[PDB]
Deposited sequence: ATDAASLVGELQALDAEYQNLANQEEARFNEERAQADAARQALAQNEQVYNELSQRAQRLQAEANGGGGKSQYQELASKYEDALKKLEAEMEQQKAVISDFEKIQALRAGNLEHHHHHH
């Protein structure tokens, strides 16, 4: 077991580092999802109030017409941000159901 002893130690090292990297990835992913939930929650609040504000502006008849349309665009984007944020949370929850499930 000349080189066998050495290789076994080489594979051990690789394993230790690999285990640590995966643990670092999972944490990096957890932090990002928490950021996602915090941000998403705040956006829901801003989207609701702003969509309400835009709705009132439209129901009138050009300034109101221009500002209403400007809000519909801003809201379209904010909505994309929120779908994107829900995906981060959703992807992490899926991953969680695994890393914790596999026993």
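- Residues of the deposited sequence with no modelled C-alpha atom fall in the ranges 1-3, 65-70, 113-119.
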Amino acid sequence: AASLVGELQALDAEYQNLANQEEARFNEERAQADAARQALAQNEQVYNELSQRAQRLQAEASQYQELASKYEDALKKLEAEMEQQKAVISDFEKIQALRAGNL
From here on, numbers count along this sequence of modelled residues.
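- The mean C-alpha temperature factor is higher for 63-71 when 63-71 and 40-48 are set side by side.
- Averaged over CA atoms, B-factors in the entry run higher in 91-99 than in the other of 8-16 and 91-99.
- When the modelled residues of the chain are ordered by their C-alpha B factor, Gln58 lands in the highest third.
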